[PDB]
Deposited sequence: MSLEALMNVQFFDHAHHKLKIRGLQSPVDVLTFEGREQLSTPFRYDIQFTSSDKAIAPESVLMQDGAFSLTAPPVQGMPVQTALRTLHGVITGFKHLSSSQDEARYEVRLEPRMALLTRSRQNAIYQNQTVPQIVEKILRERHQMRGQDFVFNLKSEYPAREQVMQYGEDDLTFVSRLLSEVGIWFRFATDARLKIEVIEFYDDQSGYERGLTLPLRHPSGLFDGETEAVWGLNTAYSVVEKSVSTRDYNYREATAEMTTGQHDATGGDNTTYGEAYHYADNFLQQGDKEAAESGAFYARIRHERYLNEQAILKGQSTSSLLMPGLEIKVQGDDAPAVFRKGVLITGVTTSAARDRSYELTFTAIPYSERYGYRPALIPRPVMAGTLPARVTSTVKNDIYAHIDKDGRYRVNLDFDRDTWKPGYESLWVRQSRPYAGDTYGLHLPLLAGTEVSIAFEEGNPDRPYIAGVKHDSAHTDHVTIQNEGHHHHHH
């Protein structure tokens, strides 16, 4: 196992690591290492590019260094820890309010990626099978970019995984909405690279929304688990098992939804995985991130020059920037004389996408 952090002169020798990967969430890897340098400075490491590999060259994680710890010091070395996350994790660092106008969910997501985060088409790709309606207005309020994006994708049942661009040496976010996004198709073993410890758990547009919400129920109705030494095994992969003392579902084919991941100099590579059965009548769907709850009222100013900007439904266009908490040109809201007047905006059942005027101040 190797860890390369760009610009770092200090030798990096991997002691131990713990990793977590899961569909529709950015991965996280806490990597311990030793170095002859007993004073690696956080500034040399934080926000730098990082690459973490399993050596045979087998699989690499590309990302940024989010956290840095100096753990201890000996006579001749020091112990350190770094957190390696993809660049997508950095969307948690920005939380501005915005109203997005006439977009589909993907277009909003692509905007958030490209505008605030400088991501560039090589950094992500959409392979959606379904078609997504334009939404008239979509509000982001009191939500970091990651939460906002993940909520929008989950409500409509789009999911993502990370993949590696061999040439560019970067991680790429790939979005999908159906089973044609699954990667086929390894066949392990039981138990060189193999599978073992297999176990199961079972518990008890539109339209569309009813279809997505049913597939999500089916998702959490059947959890498949197991253990492995395969360095190829990853979220997004559809695998099957040789067996044949393995349960029936694992012989049909299972879709890996998650892995927990580990090694040390005296232990080496083992992973536990979560999974769901392959099926032709449902697909993977992420957990629904709850909507923000809009209690109380928002002040706004009616805009125009100077009678009222009012379209063929009335339906004022209202402006709610006062505190630069609003993204530029994303402050304006179409809502149901006077008009430079201050109004109160309320939200039907706390829903940010059902605003109305309450409300004149």
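Parts of the chain sequence, as deposited, that carry no C-alpha coordinates in this structure = In the chain as deposited, 1-16, 73-82, 218-226, 240-293, 394-397, 416, 431-445, 471-491 carry no coordinates.
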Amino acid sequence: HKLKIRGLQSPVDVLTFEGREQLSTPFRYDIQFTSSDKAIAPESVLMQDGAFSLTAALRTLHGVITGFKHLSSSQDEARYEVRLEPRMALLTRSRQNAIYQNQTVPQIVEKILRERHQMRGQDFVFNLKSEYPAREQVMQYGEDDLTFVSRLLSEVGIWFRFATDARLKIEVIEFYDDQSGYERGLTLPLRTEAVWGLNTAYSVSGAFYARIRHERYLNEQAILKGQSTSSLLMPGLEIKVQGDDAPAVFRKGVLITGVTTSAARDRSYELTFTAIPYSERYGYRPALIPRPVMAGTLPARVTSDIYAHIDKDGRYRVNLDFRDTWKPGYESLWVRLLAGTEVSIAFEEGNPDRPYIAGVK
From here on, numbers count along this sequence of modelled residues.
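inquiry  = Averaging CA B factors per stretch from the PDB record, which one is higher: 146-154 or 124-132?
reply    = Result of the comparison: 124-132.
request  = Using only the Cα atoms and their B-factors as the entry lists them, report which of 12-20 and 337-345 averages higher.
outcome  = Averaging CA B-factors over each stretch, the winner is 337-345.
key: Residue with maximal Cα B-factor (values as given in the PDB entry) among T257, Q107, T260, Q179   = The listed residue with the largest C-alpha B-factor is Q179.
message = In terms of recorded Cα temperature factor, pick the maximum from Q140, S73, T274, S279.
response = Of the options given, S279 has the highest CA B-factor in the PDB entry.
Position of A201 among the chain's modelled residues by C-alpha B-factor, lowest, middle or highest third = It belongs to the lowest third of the chain when residues are ordered by C-alpha B-factor.
query = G63: which third of its chain by C-alpha temperature factor?
reply = For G63, the deposited C-alpha B-factor lands in the lowest third.
request  = Could you look up the Cα B-factor of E43 in the entry and say which third of the chain it sits in: lowest, middle or highest?
outcome  = Middle third - that is where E43 ends up once the chain's C-alpha B-factors are sorted.
request  = Check where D305 lands among this chain's C-alpha B-factors and tell me if it's the lowest, middle or highest third.
outcome  = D305: CA B-factor falls in the highest third of its chain.
request  = Compare the C-alpha B factor of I31 with those of the other modelled residues in its chain, then answer lowest, middle or highest third.
outcome  = Within its chain, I31 is a lowest-third residue by C-alpha B-factor, going by the deposited values.
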